[PDB]
Amino acid sequence: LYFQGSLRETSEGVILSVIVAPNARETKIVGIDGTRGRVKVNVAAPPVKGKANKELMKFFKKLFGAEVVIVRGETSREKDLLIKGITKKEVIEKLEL
Ligand code: NA
């Protein structure tokens with residue numbers, strides 16, 4: 001039930017709602033924001049030239065084994081990621097690893 005506040009399953013896959021902090025020591029999940037319903041993700045990339053977006057997508061593509069696109073928030077800290085062709089059950093399993 002922990003990550004469920006940050007996810008919903010559409011016909012296309014799962015929209016994972018995140019809030020990023022760039023120039024981190026490691027790209028990783030550090031928590032959840034219970035009011036915003038977003039996973040707190042640290043991203044080990046500078047927020048310039050799209051590099052934090054790229055690193056974020058790379059991390060989740062590797063985690064989920066699925067294409068990940070930013071559907072909203074390309075220029076925001078609050079980003080919605082579509083994990084294409086995956087179920088919510090599969091995403092929860094991988095986030096809980
Ligand atoms: Na960026």
# chains A, B, ... in the order shown; residues from 1 in each chain; ligands from 1
call {"tool": "residues_near_ligand", "arguments": {"ligand": "ligand 1", "cutoff": "10 Å", "atoms": "only C-alpha atoms and all ligand atoms", "output": "VMD selection string"}}
result
chain A and resid 20 22 43 45 to 56 73 to 77
call {"tool": "select_by_dssp", "arguments": {"residues": "segment 30-84 of chain A", "states": "alpha helix (DSSP H)", "output": "compact mmCIF listing (two decimals) with N, CA, C and O atoms, in the first residue's frame"}}
result
# COMPACT_ATOMS: atom_id res chain seq x y z
N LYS A 51 19.26 16.47 -18.90
CA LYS A 51 20.03 15.33 -18.41
C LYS A 51 19.37 14.64 -17.21
O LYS A 51 19.48 13.40 -17.07
N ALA A 52 18.67 15.40 -16.36
CA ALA A 52 17.98 14.74 -15.24
C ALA A 52 16.79 13.94 -15.75
O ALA A 52 16.56 12.84 -15.28
N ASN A 53 16.05 14.47 -16.74
CA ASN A 53 14.99 13.68 -17.37
C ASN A 53 15.54 12.39 -17.94
O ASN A 53 14.92 11.32 -17.80
N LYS A 54 16.66 12.49 -18.66
CA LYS A 54 17.21 11.31 -19.31
C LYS A 54 17.59 10.26 -18.29
O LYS A 54 17.30 9.08 -18.47
N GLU A 55 18.27 10.68 -17.21
CA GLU A 55 18.73 9.75 -16.17
C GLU A 55 17.53 9.13 -15.45
O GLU A 55 17.55 7.94 -15.12
N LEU A 56 16.50 9.92 -15.18
CA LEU A 56 15.29 9.41 -14.56
C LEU A 56 14.66 8.31 -15.39
O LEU A 56 14.29 7.26 -14.87
N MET A 57 14.50 8.56 -16.69
CA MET A 57 13.91 7.57 -17.59
C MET A 57 14.78 6.34 -17.65
O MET A 57 14.26 5.20 -17.63
N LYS A 58 16.09 6.51 -17.73
CA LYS A 58 16.99 5.37 -17.80
C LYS A 58 16.85 4.49 -16.58
O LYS A 58 16.81 3.25 -16.71
N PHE A 59 16.79 5.09 -15.40
CA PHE A 59 16.69 4.33 -14.17
C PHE A 59 15.43 3.48 -14.15
O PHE A 59 15.47 2.30 -13.79
N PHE A 60 14.28 4.08 -14.49
CA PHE A 60 13.03 3.35 -14.43
C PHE A 60 12.88 2.37 -15.59
O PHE A 60 12.26 1.31 -15.40
N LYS A 61 13.44 2.68 -16.75
CA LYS A 61 13.39 1.70 -17.82
C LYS A 61 14.13 0.43 -17.40
O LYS A 61 13.68 -0.70 -17.66
N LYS A 62 15.29 0.60 -16.76
CA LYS A 62 16.04 -0.55 -16.27
C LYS A 62 15.28 -1.29 -15.18
O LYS A 62 15.20 -2.53 -15.20
N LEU A 63 14.69 -0.56 -14.25
CA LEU A 63 13.96 -1.19 -13.15
C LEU A 63 12.78 -2.00 -13.66
O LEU A 63 12.58 -3.15 -13.25
N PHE A 64 12.00 -1.44 -14.56
CA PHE A 64 10.75 -2.07 -14.98
C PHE A 64 10.88 -2.94 -16.21
O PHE A 64 9.95 -3.72 -16.48
call {"tool": "residues_around", "arguments": {"residues": "segment 4-6 of chain A", "least_positions_apart": "5", "cutoff": "7 Å", "atoms": "only C-alpha atoms", "output": "tab-separated table (two decimals) with N, CA and C atoms, in the first residue's frame"}}
result
chain	number	residue	atom	x	y	z
A	16	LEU	N	3.37	6.65	-13.20
A	16	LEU	CA	4.11	6.76	-11.96
A	16	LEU	C	4.42	8.23	-11.74
A	17	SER	N	3.92	8.78	-10.66
A	17	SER	CA	4.06	10.20	-10.34
A	17	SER	C	5.21	10.35	-9.38
A	37	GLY	N	1.27	12.57	-3.22
A	37	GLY	CA	1.09	11.31	-3.93
A	37	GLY	C	2.15	11.08	-4.98
A	38	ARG	N	3.41	11.28	-4.58
A	38	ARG	CA	4.53	11.11	-5.50
A	38	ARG	C	5.69	10.40	-4.83
A	39	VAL	N	6.40	9.61	-5.63
A	39	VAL	CA	7.64	9.00	-5.16
A	39	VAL	C	8.75	10.02	-5.24
call {"tool": "atom_distance", "arguments": {"atom1": "atom CA of residue 78 of chain A", "atom2": "atom CA of residue 32 of chain A"}}
result
12.5 Å
call {"tool": "atom_distance", "arguments": {"atom1": "atom CA of residue 94 of chain A", "atom2": "atom CA of residue 34 of chain A"}}
result
19.7 Å
call {"tool": "atom_distance", "arguments": {"atom1": "atom CA of residue 95 of chain A", "atom2": "atom CA of residue 19 of chain A"}}
result
15.2 Å
call {"tool": "select_by_dssp", "arguments": {"residues": "chain A", "states": "strand (DSSP E or B)", "output": "number ranges by chain"}}
result
A: 7-10, 13-21, 28-33, 38-42, 68-72, 78-84
call {"tool": "closest_residue", "arguments": {"among": "A:7, A:41, A:68, A:83", "to": "residue 24 of chain A", "atoms": "only C-alpha atoms"}}
result
A:41
call {"tool": "closest_residue", "arguments": {"among": "A:21, A:44, A:66, A:29", "to": "residue 85 of chain A", "atoms": "only C-alpha atoms"}}
result
A:66
call {"tool": "closest_residue", "arguments": {"among": "A:96, A:67, A:9, A:33", "to": "residue 84 of chain A", "atoms": "only C-alpha atoms"}}
result
A:67
